[PDB]
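Structure file my_file.txt (compact mmCIF, C-alpha atoms and all ligand atoms) follows.
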# COMPACT_ATOMS: atom_id res chain seq x y z
CA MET E 1 -4.25 23.47 2.54
CA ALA E 2 -2.68 20.63 4.46
CA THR E 3 1.06 20.33 4.05
CA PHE E 4 2.28 17.20 2.24
CA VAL E 5 4.42 14.19 3.07
CA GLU E 6 6.48 13.13 0.04
CA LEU E 7 6.09 9.50 -0.99
CA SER E 8 8.87 7.40 -2.50
CA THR E 9 7.14 7.98 -5.87
CA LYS E 10 7.59 11.75 -5.35
CA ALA E 11 3.81 12.09 -5.18
CA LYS E 12 2.61 14.44 -2.41
CA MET E 13 0.24 12.97 0.17
CA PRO E 14 -1.73 15.59 2.17
CA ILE E 15 -0.72 15.15 5.80
CA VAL E 16 -4.29 15.45 7.11
CA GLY E 17 -7.09 13.34 5.64
CA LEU E 18 -10.74 12.56 6.34
CA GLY E 19 -11.52 9.14 7.86
CA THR E 20 -14.73 7.43 6.76
CA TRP E 21 -15.03 4.30 8.91
CA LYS E 22 -18.41 4.28 10.76
CA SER E 23 -19.60 7.29 8.75
CA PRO E 24 -23.21 6.31 8.04
CA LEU E 25 -24.98 6.38 4.70
CA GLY E 26 -26.97 9.62 4.76
CA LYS E 27 -24.21 11.54 6.56
CA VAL E 28 -20.92 10.65 4.83
CA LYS E 29 -21.72 12.43 1.56
CA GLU E 30 -22.24 15.72 3.39
CA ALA E 31 -19.18 15.05 5.56
CA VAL E 32 -16.98 14.75 2.46
CA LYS E 33 -18.56 17.87 0.90
CA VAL E 34 -17.95 19.85 4.09
CA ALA E 35 -14.40 18.50 4.29
CA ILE E 36 -13.59 19.48 0.71
CA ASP E 37 -14.99 22.99 1.32
CA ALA E 38 -12.80 23.25 4.42
CA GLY E 39 -9.72 22.35 2.39
CA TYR E 40 -9.25 18.61 2.96
CA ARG E 41 -7.91 16.93 -0.17
CA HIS E 42 -7.06 13.49 1.27
CA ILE E 43 -9.99 11.13 1.92
CA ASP E 44 -9.48 7.68 3.50
CA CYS E 45 -11.93 5.04 2.28
CA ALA E 46 -12.43 1.26 2.23
CA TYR E 47 -14.54 -1.40 0.55
CA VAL E 48 -15.40 -2.77 3.98
CA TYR E 49 -16.82 0.59 5.19
CA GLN E 50 -19.69 -0.01 2.73
CA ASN E 51 -20.11 3.70 2.06
CA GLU E 52 -17.73 4.39 -0.86
CA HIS E 53 -20.58 5.16 -3.27
CA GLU E 54 -21.71 8.14 -1.16
CA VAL E 55 -18.11 9.31 -0.91
CA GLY E 56 -17.98 9.07 -4.70
CA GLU E 57 -21.14 11.16 -5.05
CA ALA E 58 -19.64 13.93 -2.93
CA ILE E 59 -16.37 14.01 -4.83
CA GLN E 60 -18.11 13.96 -8.21
CA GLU E 61 -20.39 16.83 -7.29
CA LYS E 62 -17.58 18.94 -5.85
CA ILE E 63 -15.52 18.39 -8.98
CA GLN E 64 -18.39 19.27 -11.32
CA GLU E 65 -19.17 22.40 -9.31
CA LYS E 66 -15.47 23.30 -9.72
CA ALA E 67 -14.78 23.39 -5.98
CA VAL E 68 -11.81 21.08 -6.56
CA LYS E 69 -9.83 19.36 -9.35
CA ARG E 70 -9.27 15.56 -9.35
CA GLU E 71 -5.51 16.16 -9.52
CA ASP E 72 -5.59 17.95 -6.15
CA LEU E 73 -7.55 15.18 -4.42
CA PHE E 74 -5.81 12.19 -2.86
CA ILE E 75 -8.13 9.26 -2.54
CA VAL E 76 -7.07 6.11 -0.71
CA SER E 77 -8.91 2.82 -0.55
CA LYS E 78 -8.16 -0.66 0.71
CA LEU E 79 -8.40 -4.30 -0.35
CA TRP E 80 -10.29 -6.37 2.25
CA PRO E 81 -8.66 -9.74 3.11
CA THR E 82 -11.49 -11.91 1.80
CA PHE E 83 -10.38 -10.78 -1.67
CA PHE E 84 -6.73 -11.90 -1.90
CA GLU E 85 -7.29 -14.40 -4.76
CA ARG E 86 -6.29 -12.94 -8.15
CA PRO E 87 -9.68 -12.54 -9.85
CA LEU E 88 -11.12 -11.22 -6.57
CA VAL E 89 -8.47 -8.51 -6.21
CA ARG E 90 -9.54 -7.03 -9.54
CA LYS E 91 -13.28 -7.43 -8.84
CA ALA E 92 -12.97 -5.85 -5.39
CA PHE E 93 -10.88 -3.01 -6.81
CA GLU E 94 -13.30 -2.46 -9.66
CA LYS E 95 -16.27 -2.20 -7.30
CA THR E 96 -14.32 0.29 -5.18
CA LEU E 97 -13.32 2.43 -8.17
CA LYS E 98 -16.86 2.29 -9.57
CA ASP E 99 -18.45 3.22 -6.22
CA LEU E 100 -16.00 6.09 -5.88
CA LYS E 101 -16.76 7.16 -9.49
CA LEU E 102 -13.05 7.66 -10.16
CA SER E 103 -10.83 6.73 -13.08
CA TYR E 104 -7.89 6.09 -10.75
CA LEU E 105 -6.98 5.78 -7.07
CA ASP E 106 -4.05 7.60 -5.49
CA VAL E 107 -3.22 4.74 -3.12
CA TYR E 108 -4.62 1.22 -2.78
CA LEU E 109 -3.77 -0.55 0.48
CA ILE E 110 -3.80 -4.09 1.68
CA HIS E 111 -6.26 -3.53 4.53
CA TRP E 112 -5.01 -6.35 6.79
CA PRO E 113 -2.16 -8.85 6.21
CA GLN E 114 -3.97 -11.98 7.45
CA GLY E 115 -6.09 -13.51 4.65
CA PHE E 116 -9.74 -14.43 5.23
CA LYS E 117 -11.73 -17.21 3.54
CA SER E 118 -13.23 -16.02 0.24
CA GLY E 119 -17.00 -16.01 -0.18
CA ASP E 120 -20.01 -13.88 0.71
CA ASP E 121 -19.06 -13.06 4.31
CA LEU E 122 -16.80 -10.11 5.08
CA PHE E 123 -15.91 -11.70 8.41
CA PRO E 124 -15.95 -15.49 7.83
CA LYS E 125 -16.08 -17.44 11.09
CA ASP E 126 -16.47 -21.06 12.18
CA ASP E 127 -18.98 -22.40 14.71
CA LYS E 128 -16.85 -20.94 17.52
CA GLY E 129 -16.55 -17.42 16.14
CA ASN E 130 -12.92 -17.79 15.07
CA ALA E 131 -11.91 -16.16 11.81
CA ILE E 132 -11.41 -18.59 8.95
CA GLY E 133 -8.16 -17.99 7.05
CA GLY E 134 -7.98 -17.95 3.26
CA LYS E 135 -6.08 -19.73 0.48
CA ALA E 136 -4.29 -16.72 -1.01
CA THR E 137 -1.83 -14.58 0.99
CA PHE E 138 -1.05 -10.86 1.02
CA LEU E 139 1.94 -11.61 -1.24
CA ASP E 140 -0.48 -13.13 -3.75
CA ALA E 141 -2.74 -10.10 -3.36
CA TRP E 142 0.15 -7.70 -3.89
CA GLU E 143 1.05 -9.27 -7.23
CA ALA E 144 -2.48 -8.68 -8.49
CA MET E 145 -2.40 -5.12 -7.11
CA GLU E 146 0.83 -4.35 -8.97
CA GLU E 147 -1.04 -4.96 -12.23
CA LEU E 148 -3.30 -2.05 -11.31
CA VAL E 149 -0.29 0.26 -11.14
CA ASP E 150 1.02 -0.97 -14.52
CA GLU E 151 -2.39 -0.20 -16.05
CA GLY E 152 -2.54 3.32 -14.60
CA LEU E 153 -5.54 2.51 -12.39
CA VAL E 154 -3.67 3.08 -9.13
CA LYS E 155 -0.82 5.50 -8.63
CA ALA E 156 0.78 3.76 -5.66
CA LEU E 157 0.31 0.74 -3.40
CA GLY E 158 0.54 0.58 0.37
CA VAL E 159 -0.09 -1.61 3.35
CA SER E 160 -2.13 -1.35 6.54
CA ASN E 161 -1.73 -3.04 9.93
CA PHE E 162 1.60 -4.55 8.84
CA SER E 163 4.38 -5.28 11.33
CA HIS E 164 7.99 -4.73 10.30
CA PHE E 165 8.35 -8.51 9.72
CA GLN E 166 5.53 -8.39 7.22
CA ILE E 167 6.93 -5.33 5.45
CA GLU E 168 10.25 -7.23 5.31
CA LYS E 169 8.51 -10.20 3.72
CA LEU E 170 6.98 -7.90 1.12
CA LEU E 171 10.19 -5.97 0.40
CA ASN E 172 12.03 -9.30 -0.02
CA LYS E 173 9.46 -10.86 -2.36
CA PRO E 174 11.13 -12.16 -5.53
CA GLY E 175 10.09 -10.23 -8.63
CA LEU E 176 8.68 -7.37 -6.52
CA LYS E 177 7.58 -4.58 -8.87
CA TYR E 178 6.27 -1.87 -6.56
CA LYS E 179 7.11 -1.01 -2.96
CA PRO E 180 4.54 0.16 -0.40
CA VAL E 181 4.45 3.95 -0.08
CA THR E 182 2.72 3.94 3.30
CA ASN E 183 1.84 1.71 6.26
CA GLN E 184 -1.46 2.80 7.76
CA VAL E 185 -1.60 1.77 11.41
CA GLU E 186 -3.18 2.81 14.68
CA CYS E 187 -1.19 5.65 16.22
CA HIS E 188 -1.78 8.18 19.00
CA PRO E 189 -0.24 9.09 22.38
CA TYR E 190 -1.22 5.73 23.96
CA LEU E 191 0.30 3.73 21.10
CA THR E 192 3.17 5.85 19.85
CA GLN E 193 4.66 3.25 17.44
CA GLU E 194 8.24 4.46 17.88
CA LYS E 195 9.99 1.36 16.56
CA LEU E 196 7.53 0.78 13.70
CA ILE E 197 7.74 4.42 12.58
CA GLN E 198 11.53 4.33 12.82
CA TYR E 199 11.60 1.15 10.71
CA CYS E 200 9.16 2.42 8.07
CA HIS E 201 10.87 5.78 7.60
CA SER E 202 14.22 3.99 7.37
CA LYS E 203 12.77 2.05 4.42
CA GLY E 204 11.36 5.21 2.82
CA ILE E 205 7.83 4.14 3.76
CA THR E 206 5.49 6.76 5.24
CA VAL E 207 3.14 6.04 8.13
CA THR E 208 -0.52 6.99 8.19
CA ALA E 209 -1.91 7.22 11.75
CA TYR E 210 -5.40 5.84 12.14
CA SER E 211 -7.80 6.28 15.07
CA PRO E 212 -5.76 9.32 16.16
CA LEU E 213 -8.58 10.50 18.46
CA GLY E 214 -8.82 7.09 20.10
CA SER E 215 -11.80 5.96 18.01
CA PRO E 216 -14.33 6.77 20.75
CA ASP E 217 -17.18 5.56 18.51
CA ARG E 218 -15.77 2.06 17.99
CA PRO E 219 -18.61 -0.30 18.96
CA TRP E 220 -16.53 -2.15 21.56
CA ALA E 221 -15.48 0.93 23.56
CA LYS E 222 -15.77 0.26 27.29
CA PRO E 223 -16.15 3.07 29.85
CA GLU E 224 -12.91 2.05 31.61
CA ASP E 225 -10.89 2.15 28.36
CA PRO E 226 -8.28 4.90 27.98
CA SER E 227 -9.87 8.02 26.44
CA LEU E 228 -7.43 10.44 24.78
CA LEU E 229 -10.04 13.13 24.13
CA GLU E 230 -10.75 13.33 27.86
CA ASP E 231 -7.11 13.04 28.99
CA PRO E 232 -6.49 16.02 31.28
CA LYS E 233 -2.78 16.20 30.40
CA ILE E 234 -3.67 16.42 26.72
CA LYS E 235 -6.34 19.04 27.47
CA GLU E 236 -3.82 21.04 29.51
CA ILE E 237 -1.43 21.21 26.55
CA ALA E 238 -4.42 22.12 24.34
CA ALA E 239 -5.47 24.95 26.68
CA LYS E 240 -2.00 26.48 26.44
CA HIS E 241 -2.40 26.85 22.67
CA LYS E 242 -6.11 27.73 22.88
CA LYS E 243 -6.89 24.62 20.84
CA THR E 244 -8.98 21.51 21.50
CA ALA E 245 -7.65 18.10 22.55
CA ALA E 246 -8.54 16.76 19.08
CA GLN E 247 -6.38 19.43 17.51
CA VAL E 248 -3.39 18.54 19.71
CA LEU E 249 -3.94 14.83 18.97
CA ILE E 250 -3.88 15.60 15.22
CA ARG E 251 -0.94 18.04 15.38
CA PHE E 252 1.12 15.43 17.26
CA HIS E 253 1.41 13.28 14.13
CA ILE E 254 2.06 16.22 11.85
CA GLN E 255 5.15 17.06 13.89
CA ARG E 256 6.47 13.50 13.50
CA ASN E 257 5.94 13.71 9.71
CA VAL E 258 3.17 11.12 10.04
CA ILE E 259 0.00 11.39 7.93
CA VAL E 260 -3.17 11.44 10.04
CA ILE E 261 -6.81 10.73 9.21
CA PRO E 262 -9.34 11.80 11.86
CA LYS E 263 -12.94 10.77 11.18
CA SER E 264 -15.95 13.01 11.72
CA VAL E 265 -19.41 13.43 10.24
CA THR E 266 -20.01 16.53 12.37
CA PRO E 267 -19.46 19.61 10.18
CA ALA E 268 -17.99 21.80 12.99
CA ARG E 269 -15.58 19.04 13.98
CA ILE E 270 -14.54 18.32 10.38
CA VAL E 271 -13.57 21.99 10.16
CA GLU E 272 -11.96 21.97 13.61
CA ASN E 273 -9.84 18.93 12.77
CA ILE E 274 -8.01 20.71 9.95
CA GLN E 275 -7.27 23.96 11.84
CA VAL E 276 -3.94 22.45 12.80
CA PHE E 277 -1.40 24.37 10.74
CA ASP E 278 -1.55 27.57 12.77
CA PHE E 279 0.18 26.42 15.96
CA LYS E 280 3.17 24.36 17.06
CA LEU E 281 3.70 21.94 19.93
CA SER E 282 6.95 22.79 21.70
CA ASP E 283 9.74 20.23 21.92
CA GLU E 284 8.88 19.77 25.59
CA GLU E 285 5.21 19.24 24.73
CA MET E 286 6.04 16.62 22.09
CA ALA E 287 8.23 14.79 24.60
CA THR E 288 5.47 14.87 27.23
CA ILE E 289 2.91 13.49 24.75
CA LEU E 290 5.35 10.82 23.52
CA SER E 291 5.75 9.78 27.17
CA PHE E 292 2.07 8.83 27.37
CA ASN E 293 2.61 5.59 25.41
CA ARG E 294 0.66 2.73 27.01
CA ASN E 295 0.95 0.25 24.17
CA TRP E 296 -2.85 0.36 24.04
CA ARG E 297 -4.69 -0.62 20.83
CA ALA E 298 -8.29 0.39 20.25
CA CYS E 299 -8.26 -1.81 17.14
CA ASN E 300 -6.91 -5.28 18.06
CA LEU E 301 -8.99 -7.63 15.88
CA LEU E 302 -8.28 -10.38 18.46
CA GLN E 303 -10.80 -12.62 16.71
CA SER E 304 -8.13 -13.25 14.05
CA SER E 305 -5.14 -13.66 16.40
CA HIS E 306 -4.70 -17.34 15.46
CA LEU E 307 -4.08 -16.69 11.75
CA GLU E 308 -0.55 -17.00 10.36
CA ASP E 309 -0.07 -13.36 9.49
CA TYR E 310 -1.84 -11.76 12.45
CA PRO E 311 0.31 -8.64 12.85
CA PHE E 312 0.14 -7.76 16.55
CA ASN E 313 2.01 -10.71 18.06
CA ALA E 314 5.25 -9.14 16.81
CA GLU E 315 6.90 -6.51 18.99
CA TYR E 316 6.59 -4.06 16.10
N1 LIG P 401 -6.61 0.61 8.35
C1 LIG P 401 -7.41 0.25 9.36
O1 LIG P 401 -7.47 -0.91 9.75
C2 LIG P 401 -8.17 1.32 10.06
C3 LIG P 401 -8.66 1.09 11.33
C4 LIG P 401 -9.33 2.11 11.98
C5 LIG P 401 -9.49 3.34 11.34
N2 LIG P 401 -9.01 3.56 10.11
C6 LIG P 401 -9.20 4.86 9.44
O2 LIG P 401 -8.90 5.94 10.34
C7 LIG P 401 -10.04 6.80 10.47
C8 LIG P 401 -10.04 7.46 11.85
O3 LIG P 401 -10.10 6.49 12.90
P1 LIG P 401 -11.46 6.11 13.66
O4 LIG P 401 -12.65 6.31 12.74
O5 LIG P 401 -11.24 4.73 14.23
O6 LIG P 401 -11.55 7.11 14.92
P2 LIG P 401 -10.96 8.57 15.24
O7 LIG P 401 -10.81 9.38 13.99
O8 LIG P 401 -9.83 8.47 16.25
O9 LIG P 401 -12.22 9.15 16.06
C9 LIG P 401 -13.51 9.30 15.43
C10 LIG P 401 -14.49 9.76 16.51
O10 LIG P 401 -14.07 11.02 17.06
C11 LIG P 401 -15.15 11.97 17.02
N3 LIG P 401 -14.53 13.28 16.74
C12 LIG P 401 -13.99 13.63 15.57
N4 LIG P 401 -13.49 14.88 15.70
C13 LIG P 401 -13.73 15.30 16.96
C14 LIG P 401 -13.47 16.49 17.64
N5 LIG P 401 -12.82 17.51 17.01
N6 LIG P 401 -13.86 16.61 18.93
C15 LIG P 401 -14.49 15.59 19.55
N7 LIG P 401 -14.77 14.44 18.91
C16 LIG P 401 -14.40 14.28 17.61
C17 LIG P 401 -16.09 11.49 15.93
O11 LIG P 401 -17.45 11.88 16.19
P3 LIG P 401 -18.42 12.40 15.00
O12 LIG P 401 -18.00 11.62 13.77
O13 LIG P 401 -19.78 12.01 15.50
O14 LIG P 401 -18.15 13.88 14.89
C18 LIG P 401 -15.91 9.98 16.00
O15 LIG P 401 -16.79 9.43 17.00
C19 LIG P 401 -11.20 5.85 10.20
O16 LIG P 401 -12.44 6.50 9.96
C20 LIG P 401 -10.65 5.08 9.01
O17 LIG P 401 -10.69 5.93 7.87
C21 LIG P 401 -8.35 2.58 9.47
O1 LIG P 402 -11.33 1.45 9.60
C1 LIG P 402 -11.34 0.03 10.01
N1 LIG P 402 -10.72 -0.90 9.26
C2 LIG P 402 -10.97 -2.00 10.00
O2 LIG P 402 -10.52 -3.32 9.60
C3 LIG P 402 -11.79 -1.77 11.24
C4 LIG P 402 -11.05 -2.17 12.53
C5 LIG P 402 -11.50 -3.50 13.13
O3 LIG P 402 -12.92 -3.51 13.22
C6 LIG P 402 -13.64 -3.29 12.08
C7 LIG P 402 -14.91 -3.85 11.96
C8 LIG P 402 -15.72 -3.51 10.87
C9 LIG P 402 -15.25 -2.63 9.91
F1 LIG P 402 -16.05 -2.31 8.86
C10 LIG P 402 -13.97 -2.08 10.03
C11 LIG P 402 -13.16 -2.41 11.12
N2 LIG P 402 -11.96 -0.33 11.16
If you convert what's in this file into structure tokens, what do you get?
Amino acid sequence: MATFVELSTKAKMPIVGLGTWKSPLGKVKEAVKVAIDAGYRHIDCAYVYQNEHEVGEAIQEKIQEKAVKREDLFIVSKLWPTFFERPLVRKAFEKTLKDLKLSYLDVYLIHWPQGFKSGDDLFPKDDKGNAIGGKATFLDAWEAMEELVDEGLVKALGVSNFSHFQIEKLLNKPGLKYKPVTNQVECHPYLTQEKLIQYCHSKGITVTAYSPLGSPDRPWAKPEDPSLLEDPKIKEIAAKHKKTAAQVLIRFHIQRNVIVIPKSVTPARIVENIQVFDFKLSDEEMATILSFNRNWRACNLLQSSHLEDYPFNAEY
């Protein structure tokens, strides 16, 4: 039902997907069921979201009830940076694929470029709260991930929260077998990513926009923070088209050929978020929205800003 962005592999990635970060156990299964019924085919998942098993339950049931075929679903997951060491890449992936109850993933992403210390903690810190870096790097991780593609377990690899310098480092890696098909990064009218998007597309790499609604449910939201959903200029453009702000925020990416993955566990909103192929933002409206860029990140991960491959010190 969503249109598709063509990947460098010629696979078709549905341009709208369901986000699952912060979707609680006990709600996410129904959210995915509702989404599939509404015509979503792309679901965005991650090991670190700690809810992939419920996502897997929903997909499995919808497939068995013949609501959807596996071939028409596009499931993305991510390798968390505590798992960059070779045996850990496979073990992390295997837990993800098992939880999701799939025989293959459509895309597996490096979740963040900066490595974290391996062990039991997802967010390893020292006695000052600073992230502890790891031994293996994302280049090491990538090599282990390429094996998954060779074995038919993953159709395509991608990256997330990478700057152009880091994509360069990957594309230049000696013996590189597979190129990233997407870079999943924060993107919305307050962080328009013009240079990064330009760079990615010029390398034949798609962009997946995360937190497109401004992630209002992120734990660290402060009342004074920018709030896209409440932005009167966005709402004004919405009103013109008799749509909601969320729908304009989602449509914005579609018109830049950028994949977008709004999260909701509210059934009415899940449905609302995909009613975005029946209107069109004018050229003037796109330019106005583009002009709202504030270089504001809802997802900064400042706790890890000291690590070698922290991505957000670069200009883009
Ligand atoms: N790669 C990464 O590092 C990374 C980082 C962040 C996010 N992501 C991915 O991107 C997805 C989306 O980003 P996000 O979860 O940060 O936030 P988001 O999708 O920008 O916003 C989610 C919030 O918006 C609300 N909402 C959804 N639809 C709405 C609507 N139509 N009207 C009003 N409110 C609405 C949701 O409430 P309800 O759910 O209560 O309806 C939820 O609180 C994530 O879930 C995750 O899959 C990836
Ligand atoms: O979808 C997300 N991927 C992430 O790395 C992030 C952004 C930064 O904050 C956190 C914290 C916990 C978590 F599970 C996830 C996250 N949200």
List all protein, DNA and RNA residues that have at least one atom no more than 9 Å from any atom of ligand LIG 401 (chain P), counting all atoms listed in the file, and write them as a PyMOL selection string. chain E and resi 17-23+31+43-46+49+78+109-112+159-161+183-186+188+208-218+229+244-247+260-273+298-299
Calculated over only C-alpha atoms, which of the candidates E:87, E:219, E:26, E:129 has the smallest distance to residue 302 of chain E?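 Looking only at the distances to residue 302 of chain E, the closest residue turns out to be E:129.
Taking atom CA of residue 70 of chain E and atom CA of residue 250 of chain E as endpoints, the distance between them is 25.2 Å.
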Would you kindly return, as a list in words, each protein, DNA or RNA residue with an atom no farther than 10 Å from any atom of residue 125 of chain E, considering only C-alpha atoms and excluding same-chain residues fewer than 6 positions away?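 Contacts, with the query itself left out: residues 116, 117, 131, 132, 133, 303 and 304 of chain E.
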For C-alpha atoms, I'd like the residues from the last selection saved as a PDB file, in the coordinates of the input.
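Writing the result to out06.pdb gives the following:
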ATOM      1  CA  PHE E 116      -9.740 -14.430   5.230  1.00  0.00           C
ATOM      2  CA  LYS E 117     -11.730 -17.210   3.540  1.00  0.00           C
ATOM      3  CA  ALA E 131     -11.910 -16.160  11.810  1.00  0.00           C
ATOM      4  CA  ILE E 132     -11.410 -18.590   8.950  1.00  0.00           C
ATOM      5  CA  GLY E 133      -8.160 -17.990   7.050  1.00  0.00           C
ATOM      6  CA  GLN E 303     -10.800 -12.620  16.710  1.00  0.00           C
ATOM      7  CA  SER E 304      -8.130 -13.250  14.050  1.00  0.00           C
TER       8      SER E 304
END
As AutoDock Vina command-line options, what would the box around segment 299-310 of chain E look like: edges along x, y and z, 4 Å added on every side, centre and edge lengths in Å to one decimal?
--center_x -5.4 --center_y -9.6 --center_z 14.0 --size_x 18.7 --size_y 23.5 --size_z 17.0
Atom pair atom CA of residue 102 of chain E / atom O1 of ligand LIG 402 (chain P): separation (Å):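 For atom CA of residue 102 of chain E relative to atom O1 of ligand LIG 402 (chain P), the distance reads 20.8 Å.
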Which residue of E:227, E:3, E:50, E:282 approaches ligand LIG 402 (chain P) most closely, using all atoms listed in the file: E:50
Kindly give the distance, in Å, that separates atom CA of residue 174 of chain E and atom CA of residue 11 of chain E, rounded to a single decimal. 25.3 Å
Using all atoms listed in the file for the distances, tell me which of E:221, E:171, E:13, E:200 is nearest to residue 297 of chain E.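 The answer is E:221, which sits nearest to residue 297 of chain E.
Comparing the minimum interatomic distances between residue 287 of chain E and each of E:165, E:4, E:252, E:47, counting all atoms listed in the file, we find that E:252 sits nearest.
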For a quick check of understanding, using only C-alpha atoms, which of E:7, E:67, E:79, E:2 has the smallest distance to residue 201 of chain E? E:7
Would you pick out the contacts of residue 251 of chain E at 9 Å or less, using all atoms listed in the file, so that residues sharing its chain but fewer than 4 positions from it are not included, and give the list as a ChimeraX atom specification? /E:246-247,255-256,260,276-277,279-281
Given the choices E:291, E:8, E:103, E:300, which gets closest to ligand LIG 402 (chain P) if the distance is worked out from only C-alpha atoms and all ligand atoms? E:300
All residues 9 Å or closer to residue 56 of chain E, all atoms listed in the file, same chain fewer than 5 positions away omitted, as a VMD selection string: chain E and resid 29 51 61 97 to 102
Where atoms are missing, can you supply N, CA, C and O atoms for segment 83-95 of chain E and output the lot as a CSV table (one decimal), in the frame of the given file?
chain,number,residue,atom,x,y,z
E,83,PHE,N,-10.5,-11.0,-0.2
E,83,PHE,CA,-10.4,-10.8,-1.7
E,83,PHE,C,-8.9,-10.9,-2.2
E,83,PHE,O,-8.6,-10.2,-3.1
E,84,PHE,N,-8.1,-11.8,-1.6
E,84,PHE,CA,-6.7,-11.9,-1.9
E,84,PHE,C,-6.5,-12.7,-3.2
E,84,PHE,O,-5.4,-12.6,-3.8
E,85,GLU,N,-7.4,-13.6,-3.5
E,85,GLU,CA,-7.3,-14.4,-4.8
E,85,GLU,C,-7.3,-13.5,-6.0
E,85,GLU,O,-8.0,-12.5,-6.0
E,86,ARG,N,-6.5,-13.8,-7.0
E,86,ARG,CA,-6.3,-12.9,-8.2
E,86,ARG,C,-7.5,-12.3,-8.8
E,86,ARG,O,-7.6,-11.1,-9.0
E,87,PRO,N,-8.5,-13.2,-9.2
E,87,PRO,CA,-9.7,-12.5,-9.8
E,87,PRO,C,-10.4,-11.6,-8.9
E,87,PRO,O,-11.0,-10.7,-9.3
E,88,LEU,N,-10.4,-12.0,-7.6
E,88,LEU,CA,-11.1,-11.2,-6.6
E,88,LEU,C,-10.5,-9.9,-6.3
E,88,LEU,O,-11.2,-8.9,-6.1
E,89,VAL,N,-9.2,-9.8,-6.3
E,89,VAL,CA,-8.5,-8.5,-6.2
E,89,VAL,C,-9.0,-7.5,-7.2
E,89,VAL,O,-9.4,-6.4,-6.9
E,90,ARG,N,-9.0,-7.9,-8.5
E,90,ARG,CA,-9.5,-7.0,-9.5
E,90,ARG,C,-11.0,-6.7,-9.4
E,90,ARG,O,-11.4,-5.5,-9.6
E,91,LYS,N,-11.8,-7.7,-9.0
E,91,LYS,CA,-13.3,-7.4,-8.8
E,91,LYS,C,-13.6,-6.5,-7.7
E,91,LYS,O,-14.4,-5.6,-7.8
E,92,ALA,N,-12.9,-6.7,-6.6
E,92,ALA,CA,-13.0,-5.8,-5.4
E,92,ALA,C,-12.5,-4.4,-5.8
E,92,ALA,O,-13.3,-3.5,-5.5
E,93,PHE,N,-11.4,-4.3,-6.4
E,93,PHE,CA,-10.9,-3.0,-6.8
E,93,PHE,C,-11.9,-2.3,-7.7
E,93,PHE,O,-12.1,-1.1,-7.6
E,94,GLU,N,-12.4,-3.0,-8.7
E,94,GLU,CA,-13.3,-2.5,-9.7
E,94,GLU,C,-14.6,-2.0,-9.0
E,94,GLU,O,-15.1,-0.9,-9.4
E,95,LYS,N,-15.1,-2.7,-8.0
E,95,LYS,CA,-16.3,-2.2,-7.3
E,95,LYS,C,-15.9,-0.9,-6.5
E,95,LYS,O,-16.7,0.0,-6.5
